[PDB]
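Just my_file-v6.tsv here, TSV, C-alpha atoms and all ligand atoms:
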```tsv
chain	number	residue	atom	x	y	z
A	1	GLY	CA	0.00	0.00	0.00
A	2	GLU	CA	1.51	3.28	-1.26
A	3	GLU	CA	2.70	6.48	0.56
A	4	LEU	CA	2.64	7.47	4.24
A	5	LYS	CA	2.62	10.43	6.74
A	6	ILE	CA	4.71	11.53	9.80
A	7	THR	CA	3.78	14.03	12.55
A	8	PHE	CA	6.58	15.82	14.37
A	9	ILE	CA	6.08	18.07	17.37
A	10	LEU	CA	8.60	20.93	16.93
A	11	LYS	CA	11.37	22.11	19.35
A	12	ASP	CA	9.36	25.42	19.42
A	13	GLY	CA	6.25	23.24	20.25
A	14	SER	CA	4.09	23.42	17.01
A	15	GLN	CA	2.83	20.25	15.25
A	16	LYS	CA	3.75	19.46	11.68
A	17	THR	CA	2.32	16.70	9.71
A	18	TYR	CA	4.07	15.65	6.49
A	19	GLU	CA	3.76	13.14	3.57
A	20	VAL	CA	6.60	10.64	2.83
A	21	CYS	CA	7.65	7.38	1.19
A	22	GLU	CA	8.56	4.21	3.12
A	23	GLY	CA	12.29	3.51	3.88
A	24	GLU	CA	12.86	7.15	5.09
A	25	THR	CA	14.63	7.88	8.43
A	26	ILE	CA	13.16	10.38	10.93
A	27	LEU	CA	16.41	12.43	10.70
A	28	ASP	CA	15.98	12.31	6.84
A	29	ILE	CA	12.36	13.66	6.96
A	30	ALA	CA	13.42	16.27	9.55
A	31	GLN	CA	16.35	17.39	7.24
A	32	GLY	CA	14.47	16.68	3.96
A	33	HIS	CA	11.46	18.83	5.00
A	34	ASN	CA	13.77	21.30	6.82
A	35	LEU	CA	12.07	21.19	10.22
A	36	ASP	CA	13.40	23.93	12.59
A	37	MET	CA	15.18	21.35	14.65
A	38	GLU	CA	18.65	20.81	16.26
A	39	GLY	CA	20.11	17.98	18.49
A	40	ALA	CA	22.99	15.92	19.96
A	41	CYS	CA	24.48	13.78	17.05
A	42	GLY	CA	26.69	14.38	13.93
A	43	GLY	CA	26.83	18.24	14.12
A	44	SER	CA	22.98	18.51	13.54
A	45	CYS	CA	23.51	17.39	9.89
A	46	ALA	CA	23.44	14.06	7.87
A	47	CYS	CA	23.81	12.52	11.29
A	48	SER	CA	21.60	14.64	13.21
A	49	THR	CA	19.20	15.71	16.04
A	50	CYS	CA	18.90	11.97	17.00
A	51	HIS	CA	16.33	12.50	19.75
A	52	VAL	CA	12.61	11.78	19.29
A	53	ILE	CA	9.84	10.40	21.40
A	54	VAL	CA	7.16	8.21	19.72
A	55	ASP	CA	3.46	7.62	20.21
A	56	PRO	CA	2.84	4.51	22.50
A	57	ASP	CA	0.91	3.13	19.47
A	58	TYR	CA	3.80	3.12	16.97
A	59	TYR	CA	6.81	2.33	19.23
A	60	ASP	CA	5.20	-0.86	20.33
A	61	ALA	CA	6.33	-2.71	17.17
A	62	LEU	CA	9.88	-1.24	17.20
A	63	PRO	CA	13.58	-2.20	17.94
A	64	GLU	CA	16.09	-0.48	20.32
A	65	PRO	CA	19.81	0.46	19.66
A	66	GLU	CA	23.26	-0.03	21.35
A	67	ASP	CA	24.41	1.58	24.64
A	68	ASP	CA	26.54	3.98	22.48
A	69	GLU	CA	23.45	5.03	20.42
A	70	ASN	CA	20.73	5.27	23.18
A	71	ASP	CA	23.22	7.53	25.06
A	72	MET	CA	23.00	10.11	22.16
A	73	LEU	CA	19.35	10.49	23.34
A	74	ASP	CA	20.16	10.47	27.13
A	75	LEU	CA	22.00	13.82	26.68
A	76	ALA	CA	18.43	15.24	26.79
A	77	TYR	CA	16.80	15.52	30.25
A	78	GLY	CA	14.24	13.16	31.73
A	79	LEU	CA	14.23	10.65	28.83
A	80	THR	CA	10.86	8.95	28.23
A	81	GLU	CA	9.60	5.31	28.05
A	82	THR	CA	9.09	5.81	24.23
A	83	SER	CA	12.07	8.12	23.64
A	84	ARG	CA	14.16	6.78	20.78
A	85	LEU	CA	16.70	7.46	17.99
A	86	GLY	CA	15.42	8.78	14.63
A	87	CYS	CA	17.98	6.67	12.88
A	88	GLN	CA	17.70	2.88	13.43
A	89	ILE	CA	14.01	2.79	12.46
A	90	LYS	CA	12.13	4.40	9.57
A	91	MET	CA	8.74	4.76	7.82
A	92	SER	CA	7.43	1.19	7.03
A	93	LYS	CA	4.05	-0.56	6.27
A	94	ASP	CA	3.47	-0.75	10.10
A	95	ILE	CA	3.46	3.10	10.50
A	96	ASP	CA	0.43	4.43	8.49
A	97	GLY	CA	-0.24	7.62	10.57
A	98	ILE	CA	2.82	7.68	13.01
A	99	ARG	CA	3.87	10.54	15.38
A	100	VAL	CA	6.94	11.68	17.18
A	101	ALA	CA	7.71	14.65	19.43
A	102	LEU	CA	11.15	16.34	19.04
A	103	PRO	CA	12.52	17.24	22.56
A	104	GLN	CA	15.09	19.82	23.82
A	105	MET	CA	18.67	19.17	25.08
A	106	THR	CA	21.70	21.06	26.46
A	107	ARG	CA	24.22	19.10	28.65
A	108	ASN	CA	26.51	20.39	31.48
A	109	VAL	CA	29.60	18.84	29.68
A	110	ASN	CA	30.07	18.82	25.86
A	111	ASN	CA	32.26	17.15	23.16
A	112	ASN	CA	32.75	17.02	19.35
A	113	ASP	CA	33.51	14.22	16.77
A	114	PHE	CA	34.72	14.23	13.10
A	115	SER	CA	35.92	11.74	10.36
B	201	LIG	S1	21.15	11.38	14.53
B	201	LIG	FE1	22.90	10.09	14.31
B	201	LIG	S2	22.55	8.11	15.15
B	201	LIG	FE2	20.81	9.42	15.44
```

Kindly return the structure encoded in the file as structure tokens.
Ligand code: FES
Amino acid sequence: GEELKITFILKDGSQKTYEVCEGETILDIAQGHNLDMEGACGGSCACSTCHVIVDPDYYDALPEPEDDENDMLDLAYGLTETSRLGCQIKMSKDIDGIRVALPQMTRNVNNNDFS
């Protein structure tokens, strides 16, 4: 069954509700639709905001990532029972109407990485 949608709740707090293909990453719809959105991974670029929280409907089918990857989320405060990386898990046939919210971070200690 063809074409899908994604809701994101903004860092500023608005809701924005967009049409997409399957196989797209949440970081790739955030950066492909140019959501006003920054975060803890990759310089806020091609690796990206990382941090989302999902609806308890659409997480419930979903995988979880390594202790190095779920940490990239944990640099936000108060991290939720459905808070997750944009990046492991994409738009698929299971998702027809999915949401995420896009939370705020700033940590007391900070670092950088490059190739
Ligand atoms: S934005 Fe890079 S692993 Fe999530």

Nearest to residue 24 in chain A, chosen from A:87, A:79, A:47, A:53, with all atoms listed in the file counted in the distances:
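Result for the nearest residue to residue 24 in chain A: A:87.
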
List all protein, DNA and RNA residues that have an atom no more than 8 Å from any atom of ligand LIG 201 (chain B), counting all atoms listed in the file, and report them as a ChimeraX atom specification.
/A:27,39-42,44-51,69,72,85-88

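Coordinates place CA of residue 64 in chain A at a distance of 16.2 Å from CA of residue 94 in chain A.
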
Under the rule that all atoms listed in the file are counted, which of A:54, A:11, A:20, A:43 is the nearest residue to residue 99 in chain A?
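Nearest candidate to residue 99 in chain A out of A:54, A:11, A:20, A:43: A:54.
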
Given all atoms listed in the file, how would the per-residue table for range 64-105 of chain A near range 29-33 of chain A read, listing every residue at most 12 Å away with its closest atom pair and distance in Å to one decimal, sorted by chain and number, as JSON lines?
```
{"residue": "A:86", "atom": "CA", "partner": "A:30", "partner_atom": "CA", "distance": 9.3}
{"residue": "A:87", "atom": "CA", "partner": "A:29", "partner_atom": "CA", "distance": 10.7}
{"residue": "A:90", "atom": "CA", "partner": "A:29", "partner_atom": "CA", "distance": 9.6}
{"residue": "A:91", "atom": "CA", "partner": "A:29", "partner_atom": "CA", "distance": 9.6}
{"residue": "A:100", "atom": "CA", "partner": "A:30", "partner_atom": "CA", "distance": 11.0}
{"residue": "A:101", "atom": "CA", "partner": "A:30", "partner_atom": "CA", "distance": 11.5}
{"residue": "A:102", "atom": "CA", "partner": "A:30", "partner_atom": "CA", "distance": 9.8}
```

Nearest to residue 4 in chain A, chosen from A:34, A:77, A:56, A:93, with all atoms listed in the file counted in the distances:
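Using all atoms listed in the file, the shortest distance to residue 4 in chain A belongs to A:93.
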
Interatomic distance between CA of residue 108 in chain A and CA of residue 37 in chain A?
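Going from CA of residue 108 in chain A over to CA of residue 37 in chain A, I get 20.3 Å.
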
Show which residues sit within 9 Å of residue 19 in chain A, as a VMD selection string. Count all atoms listed in the file, and ignore same-chain residues fewer than 6 positions away.
chain A and resid 3 to 6

Provide the CA of residue 70 in chain A to CA of residue 113 in chain A distance in Å, to one decimal place.
16.9 Å

With distances taken over only C-alpha atoms, the candidate from A:96, A:68, A:81, A:55 nearest residue 18 in chain A is A:96

Leaving out residue 89 in chain A and any residue of its chain fewer than 5 positions from it, which residues lie within 10 Å of it when counting all atoms listed in the file, given as a list in words?
residues 23, 24, 25, 26, 59, 62, 63, 64, 65 and 84 of chain A

Just to be explicit: take each residue in the selection above, keep C-alpha atoms, and write the result as a PDB file, in the coordinates of the input.
```
ATOM      1  CA  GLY A  23      12.290   3.510   3.880  1.00  0.00           C
ATOM      2  CA  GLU A  24      12.860   7.150   5.090  1.00  0.00           C
ATOM      3  CA  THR A  25      14.630   7.880   8.430  1.00  0.00           C
ATOM      4  CA  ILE A  26      13.160  10.380  10.930  1.00  0.00           C
ATOM      5  CA  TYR A  59       6.810   2.330  19.230  1.00  0.00           C
ATOM      6  CA  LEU A  62       9.880  -1.240  17.200  1.00  0.00           C
ATOM      7  CA  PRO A  63      13.580  -2.200  17.940  1.00  0.00           C
ATOM      8  CA  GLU A  64      16.090  -0.480  20.320  1.00  0.00           C
ATOM      9  CA  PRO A  65      19.810   0.460  19.660  1.00  0.00           C
ATOM     10  CA  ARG A  84      14.160   6.780  20.780  1.00  0.00           C
TER      11      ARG A  84
END
```

Exercise on range 101-109 of chain A, axis-aligned box with 6 Å per side, report centre and edge lengths in Å to one decimal, as JSON:
```
{"center_x": 18.7, "center_y": 17.9, "center_z": 25.3, "size_x": 33.9, "size_y": 18.4, "size_z": 24.4}
```

Compare A:66, A:75, A:13, A:57 by their minimum atom-to-atom distance to residue 111 in chain A, counting all atoms listed in the file, and give me the closest one.
A:75

Please tell me which residues are no farther than 8 Å from (0.5, 18.6, 10.7) in the file, counting all atoms listed in the file, and write them as a list in words.
residues 7, 8, 15, 16, 17 and 18 of chain A

Now that the selection is made, can you save its residues with C-alpha atoms as a PDB file, in the coordinates of the input?
```pdb
ATOM      1  CA  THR A   7       3.780  14.030  12.550  1.00  0.00           C
ATOM      2  CA  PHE A   8       6.580  15.820  14.370  1.00  0.00           C
ATOM      3  CA  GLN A  15       2.830  20.250  15.250  1.00  0.00           C
ATOM      4  CA  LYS A  16       3.750  19.460  11.680  1.00  0.00           C
ATOM      5  CA  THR A  17       2.320  16.700   9.710  1.00  0.00           C
ATOM      6  CA  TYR A  18       4.070  15.650   6.490  1.00  0.00           C
TER       7      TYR A  18
END
```
